[PDB]
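Tertiary structure, described
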Amino acid sequence: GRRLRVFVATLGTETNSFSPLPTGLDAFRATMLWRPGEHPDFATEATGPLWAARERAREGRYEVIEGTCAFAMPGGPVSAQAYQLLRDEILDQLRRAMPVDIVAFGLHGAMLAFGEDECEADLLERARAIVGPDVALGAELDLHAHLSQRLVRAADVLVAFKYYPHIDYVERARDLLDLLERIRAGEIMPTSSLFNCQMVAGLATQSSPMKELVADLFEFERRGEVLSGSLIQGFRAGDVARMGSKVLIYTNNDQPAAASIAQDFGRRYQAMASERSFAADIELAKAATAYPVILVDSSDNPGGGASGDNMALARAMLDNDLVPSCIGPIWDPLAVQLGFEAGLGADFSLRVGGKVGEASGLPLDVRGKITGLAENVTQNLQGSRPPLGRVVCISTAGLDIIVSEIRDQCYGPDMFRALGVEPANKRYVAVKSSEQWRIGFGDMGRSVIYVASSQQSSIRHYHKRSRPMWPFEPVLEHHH
Amino acid sequence: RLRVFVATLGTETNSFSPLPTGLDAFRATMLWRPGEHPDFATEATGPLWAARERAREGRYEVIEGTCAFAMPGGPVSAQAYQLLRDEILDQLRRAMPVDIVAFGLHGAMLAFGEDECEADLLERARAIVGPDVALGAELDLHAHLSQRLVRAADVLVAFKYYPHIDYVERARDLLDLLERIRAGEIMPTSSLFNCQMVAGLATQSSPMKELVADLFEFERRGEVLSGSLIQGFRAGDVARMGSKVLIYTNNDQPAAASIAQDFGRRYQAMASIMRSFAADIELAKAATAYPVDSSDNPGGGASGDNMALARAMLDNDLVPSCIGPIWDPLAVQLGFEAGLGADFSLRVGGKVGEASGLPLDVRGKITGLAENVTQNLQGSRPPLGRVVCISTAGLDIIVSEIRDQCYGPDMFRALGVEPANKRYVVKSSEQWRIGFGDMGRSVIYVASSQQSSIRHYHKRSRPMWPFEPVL
Ligand SMILES: [Ca+2]
Ligand SMILES: [Zn+2]
Ligand SMILES: [Zn+2]
Ligand SMILES: [Zn+2]
């Protein structure tokens, strides 16, 4: 009758192997570095397992032991020192918590660190070394993860997000805990299968053809044909052998049935597999007649690991007279400092962006006036308020350039309004974002143009990616 | 005892520097509120020193106001100019009645929103004291002289020498003229002659010394009450910028014009008396000698990040080699996050402003990490802050979180670097020798690759030599 004992912790990030930006402890602190007891009373996509356990503890069926919850925004690989420090802190907490019955981790699945290409398996395997084989070890994962057979063997069960945009974190956690409970009570013996679709492909879960595949997977779980099923869309920017789109199926003591079901959903994904220049996109933009027009620099979306400091669209806007216009948020902490030292109303030259690496392009020399200075701009992201920090607006030839000291994407038009710019009255509103800007902008846009990279000539060189993989190379074998 | 108010607000503004001048810049050089001017003289506080002395003599009651000066940099913030100008003007109000007001000004302070800082400050001073208080200022010969400034003060006296060594002597000359004006012995009449040119040369080189010696001659023989040759500062995009000659005569304006016209025309004659990055790259590329990029000296207001030099070194393969103290705070954040002996790519330089040039992309293995480096300068230990070292192909790069010039080769040493062993070796113009002496045989003053880049003056008067031909 003892309330089951359940360890919960979180360590994760979406590594862009091509980002020159580091993901150290500073980064985890900028987004999430909550040590035991510091986790707020609001849910996070990375801390789902803890939330449902807290809930089941209120229900009086669980005694949560909480460890460090760490998460960092998309960037380059984690430093060996940072990953090691957080990994060992969480593992020490698990030791001090012994004895436990269920261990449930919130992980991403695509965290790459220097010296570790299988970080999630390391943590889970180093966990079983302490808990033993009779404790239920499991983890929640982002569908943008890198699944390996090593990771599947490192845990009793792994449950991933079913939805992108990622909405189902708490519900997937409840599913994981339910399964981990049945595994502890010896009511279920998990048999698993991982199918490599030999492809890296991504589709939103709310539109066809993916909506029906995700639904059919939920139906198999409800009908009990599968204990749990996860479609791993993957993260193309992780240069690692485990990268790729995959399907993971678990069944109750029927591994052949897992392999068939996994193969069926994986071939449907392979079938759902469905050239553009920067200049053409700027020409298309110059042809727009319905304002406001939203220009999305998805190539420089910080939410995908980009630095958010490429100034090609800003340069193209001023050269092709795409004004009145606004652009942001651009990451140039030095430029924020210099604009602040100059003062509101100052007409001066500022070098903006082009500073982190080669994907940032050459900097833009702007002659303009400081038309805005804000000390702590924040935006509304799913109830939360992630900061832009000190922010500057410099206005040049009709372009209002918003520069931030904290790197982030644009989540709506209030970040520009904070600096005296009204995006609805603009001809063109350029955002460093991909799809999450649509949260706050709503119906403001009469047209949207996803802008291509100004550096399509610079090709990504992968060093550890599995070949053949789509769409990098043709795949002509499916039987081994 | 005559009541004399003394204060200083000054800076030599370079309109082409990307680093704005705010209170911080003044606090790091000279922000001495009333009662804090030390027992040593400065080139910006001539009037106060000369007064304090004349106070000992027992003829003056000096009321000292804020003495504020800043290192060479970009325009001053409007918020800072107003705070310092209004703090000073309030001290004069709280000190009335007074008989003489003497400011140590530079003359080439440009602020965002204000092109006539000195005249504005003088005009606001005139508004509080009245027309019967003797109001004057001392200025640098590298100043921007306007007729409005000449109208703003009863008399202005500039440095006569450069290197500037007469500040104290010029102060006594100014206070004297004011002490007289206050009495009524002189009714100063003046003329400002525009040389329609910008240039100048050491007062120890000819024919400047002669032009200066002749001017001192007029002073002592009495023909001119006070004379000043304003060489000017080309790096200030402001209409008042340029070389000019100002003559003072006792209630005789026509005489002033002729004297000013005489000295001025002469100044223009010396114009002739008053050059390739690559040309220099070759001279260095000889290696005859076993062991400055002045264009990028932090001491003169440059950001210290034009990596054109370092890029030319890897292109010439001038290694083994040393780079200098480079200001790229971010590069520091990254090099450290990488860890010691980290062979990773890092964008360094070309980040502060237009004069910083194209950044340098290098996957150099970092070879040094420091948490609080410092150099030794005349009893001061200026910080470099967090520091990193990175080697690519024989060249080692030193990146600092704080912008400072290289003083001694000890900085390179804290990063496992002995500049002596290197065949080629600094972010400095001349103060490097205070730690280098002659550890190296040859010395090449690298020119600016930005020579091609033409500062785009916006408010500069036209036409003006040497930019445009004149009549
Ligand atoms: Ca000084
Ligand atoms: Zn994701
Ligand atoms: Zn406004
Ligand atoms: Zn000077």
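Per the deposition metadata, X-ray crystallography was the technique used to determine this entry, at a resolution of 2.68 Å.

Here's the deal with the overall build of chain B
Across its full length, chain B carries 13 helices and 15 strands. Since a compact globule built from 471 residues should have a radius of gyration of about 23 Å, the 25 Å found for chain B is in line with a globular shape. Projected onto the principal axes, the alpha-carbon positions of chain B cover approximately 75 × 50 × 40 Å. Of all 471 residues assigned to chain B, the portion counted as buried reaches 58%. Taken as a whole, chain B presents about 19100 Å² of accessible surface, with 50% of it coming from carbon and sulfur.

Observations concerning the overall build of chain A
Looking only at helices and strands, one finds 13 helices and 17 strands in chain A. For 480 residues, the compact-globule estimate of 2.2 N^0.38 gives 23 Å, and chain A sits close to it at 24 Å. Per-residue burial for chain A yields a buried fraction of 57% across its 480 residues. In the structure as shown, chain A presents an accessible area of about 19100 Å², 50% of it carried by carbon and sulfur atoms. Of note, chain A has its 49 positive side-chain charges centred 0 Å away from the centre of its 60 negative side-chain charges.

A word on the UniProt feature "binding site: Zn(2+)" in chain B
All names here are of chain B. Mapped onto the present numbering, the UniProt feature "binding site: Zn(2+)" falls at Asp140, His142 and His164. In terms of the greatest pairwise C-alpha distance, the residues named above, spread along 25 residues, form a tight cluster of at most 10.2 Å across. Relative to the helices and strands, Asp140 resides in the loop between β5 (134-139) and α5 (147-152). Judged by relative accessible area, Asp140 falls into the buried class, the value being 2%. Look past the residues within four positions of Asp140 in its chain and what remains in contact with it is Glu12, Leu105, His106, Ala158, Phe159, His164 and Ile230. Here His142 takes part through its backbone nitrogen, which lies 2.5 Å from a polar atom of the side chain of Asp140. Within the fold, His164 resides in the loop between β6 (155-158) and α6 (167-183). Within the structure, the side chain of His164 is placed 3.0 Å from the side chain of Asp140, a separation counted as a polar contact.

Quick word on the UniProt feature "binding site: Zn(2+)" in chain A
Residue and element names in this part refer to chain A. The UniProt record annotates "binding site: Zn(2+)" at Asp142, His144 and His166. Its location among the elements puts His144 in the loop between β5 (136-141) and α5 (149-154). Excluding its chain neighbours within four sequence positions, the residues that come into contact with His144 are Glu14, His108, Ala110, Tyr164, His166, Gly234 and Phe235. For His144, the side chain forms a polar contact with the side chain of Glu14, separated by 3.3 Å. Its place among the elements puts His166 in the loop between β6 (157-160) and α6 (169-184). Given a relative accessible area of 13%, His166 falls into the buried group. For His166, the contacting residues outside a window of four places in its chain are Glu45, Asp142, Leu143, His144 and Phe161. Polar contacts involving the side chain of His166 include one to the side chain of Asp142, which spans 3.0 Å.

Here we look at the sheet that holds β6(A)
All names here are of chain A. Sheet architecture is open: six strands sit in the order β2-β3-β1-β4-β5-β6, paired in mixed fashion. Strand pairing shows two members of the sheet lacking a second neighbour, β2 (32-34) and β6, which therefore form its edges. In this sheet, adjacent strand axes meet at a mean angle of 20° when their direction is disregarded. Contacts between helix α2 (residues 48-58) and the sheet are confined to β1 (4-12), β3 (62-71), β4 (102-107) and β5, with β3 contributing the most and set at about 160° to the helix.

Thoughts on the nonpolar core
Ranked by size, the top nonpolar core spans 72 residues in total, and within it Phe5(B), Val101(B), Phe103(B), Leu122(B) and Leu156(B) carry the most contacts. If we skip the residues at most four places from it in the chain, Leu156(B) touches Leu122(B), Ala137(B), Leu139(B), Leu145(B), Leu149(B), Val150(B), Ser226(B), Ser228(B) and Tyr248(B). Counting 69 residues, the second-largest nonpolar core is a separate cluster that includes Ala52(A), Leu141(A), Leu179(A) and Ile183(A).

Some words on the domain arrangement of chain A
Residues and elements named next belong to chain A. You can read the domains of chain A as domain 1 (4-271) and domain 2 (278-450). A C-alpha centroid distance of 34 Å is found between domain 1 and domain 2. Each side of the interface is counted separately: domain 1 has nine residues, and domain 2 has 10 residues. Summed over both partners, the interface of domain 1 with domain 2 buries about 740 Å², with 61% contributed by carbon and sulfur atoms. Counting the surface domain 1 buries against domain 2, the share from its top three residues, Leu21, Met73 and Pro74, is 60%. Where domain 1 touches domain 2, the interface holds zero salt bridges. Within the side of domain 1 that touches domain 2, the residues separate by chemical class into five nonpolar, three polar and one charged.

A closer look at the interface of chain A and chain B
Facing the 24 residues of chain A at the interface are 24 residues of chain B. Summing the contributions of chain A and of chain B, the shared interface buries around 2000 Å²; its carbon and sulfur component is 61%. Considering only the surface of chain A that becomes buried against chain B, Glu341(A), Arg351(A) and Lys355(A) emerge as the three largest contributors, covering 27% of it. Our count for the contact surface shared by chain A and chain B stands at zero salt bridges. On inspection of chain A and its partner chain B, the count reaches five residue pairs in polar contact. Taken together, the residues that form the side of chain A that touches chain B break down as 10 nonpolar, six polar and eight charged.

Some remarks on the side chain of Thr251(A)
All names here are of chain A. Tracing the sequence through the fold places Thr251 in strand β9 (residues 246-252). By relative accessible area, which is 2% here, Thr251 ends up buried. Among the polar contacts listed, one links the side chain of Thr251 to the side chain of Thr191, at a separation of 2.5 Å. In this view, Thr251 contacts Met189, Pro190, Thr191, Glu225, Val226, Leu227, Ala257 and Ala258; residues no more than four positions away in its chain are not counted.

Examining the pattern of salt bridges
The final tally for this structure, using the stated rule, is 77 salt bridges over all chains. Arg29(A) serves as the salt-bridge partner of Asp26(A), at 2.5 Å between the closest nitrogen and oxygen. Taken together, the positions of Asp26(A) and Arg29(A), both in helix α1 (residues 25-31) and three residues apart, correspond to about one turn of that helix. The class of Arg29(A) is partly exposed, set by a relative accessible area of 48%. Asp24(B) is the salt-bridge partner of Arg27(B), the closest N and O atoms lying 2.8 Å from each other.

Observations concerning the pairing of strand β10 (residues 293-296) of chain A
All names here are of chain A. Residue alternation in β10 divides its side chains into two sets, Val293 and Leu295 and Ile294 and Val296, and both sets are buried. Note: β10 against strand β17 (residues 447-450), four bridges, orientation parallel. Directly across from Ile294, in β17, lies its bridge partner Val448.

As for the domain arrangement of chain B
Residue and element names in this part refer to chain B. Domain parsing of chain B yields domain 1 (2-269) and domain 2 (277-446). The C-alpha centroid of domain 2 is placed 38 Å from the C-alpha centroid of domain 1. In this complex, domain 1 contributes five residues to the contact, which on the side of domain 2 involves eight residues. Interface of domain 1 and domain 2: buried area, both sides summed, is about 480 Å²; carbon and sulfur atoms make up 65% of it. Of all residues in domain 1, the largest losses of buried area upon contact with domain 2 belong to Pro18, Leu19 and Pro72, amounting jointly to 76% of the total for that side. Between domain 1 and domain 2 we count zero salt bridges in total. If you look at where domain 1 meets domain 2, you find one residue pair in polar contact. Residue composition of the side of domain 1 that touches domain 2, by class: four nonpolar, one polar and no charged.

Examining helix α10 (residues 308-316) of chain B
Given 3.6 residues per turn, any residue in an α-helix points the same way as the ones three and four places further on. Every buried residue belonging to α10(B) is among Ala308(B), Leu309(B), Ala310(B), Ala312(B), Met313(B) and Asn316(B), and all of these are buried. Positive backbone phi, approximately 65°, marks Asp317(B), located one or two places after α10(B).

Focus on the sheet that holds strand β3 (residues 60-69) of chain B
Neighbouring strands of a sheet are bound in pairs by backbone hydrogen bonds; such pairs are parallel or else antiparallel. All names here are of chain B. Spatial ordering of the open sheet is given by β2-β3-β1-β4-β5-β6, a layout of six strands whose pairing is mixed. Both outer strands of the open sheet, β2 (30-32) and β6, are each paired with one neighbouring strand and no more. Ignoring which end each strand starts from, the neighbouring axes of this sheet average 20° apart. Pairing geometry for strand β1 (residues 2-10) and strand β4 (residues 100-105), over six bridges, is parallel. In the sheet register, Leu9 faces β4, and the bridge partner there is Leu105.

Rules and cut-offs
- Residues numbered from 1 in each chain as written, not as in the entry; some residues may be left out.
- Chains lettered and ligands numbered in written order.
- Heavy atoms only, no water.
- Helix = DSSP H or I, 4+ residues; strand = E, 2+ residues; numbered from the N terminus.
- Rg over C-alpha atoms; globule rule 2.2 N^0.38 Å.
- Buried < 20%, exposed > 50% of the residue type's maximum accessible area, 1.4 Å probe, protein only.
- Areas by Shrake-Rupley, 256 points an atom, 1.4 Å probe, with all protein chains shown as cover.
- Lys, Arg positive; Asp, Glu negative; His and termini not counted.
- Charge placed at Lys NZ, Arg CZ, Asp CG, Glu CD.
- UniProt positions renumbered as here; feature names shortened; annotations may be inferred.
- Contact = heavy atoms within 4.5 Å.
- Polar contact = N/O pair within 3.5 Å; in protein donor to acceptor, adjacent residues only side chain to side chain.
- Pairing = 2+ DSSP bridges.
- Axes fitted to C-alpha atoms, helices over the stretch in contact; angles between N-to-C directions.
- Core = buried A, V, L, I, M, F, W, Y, C linked by side-chain atoms within 4.5 Å.
- Domains from an automatic or database assignment.
- Buried area = accessible area lost by both parts, 1.4 Å probe.
- Salt bridge = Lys/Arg side-chain N within 4 Å of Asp/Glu carboxyl O.
- Nonpolar A, V, L, I, M, F, W, Y, C, P; charged D, E, K, R; others polar.

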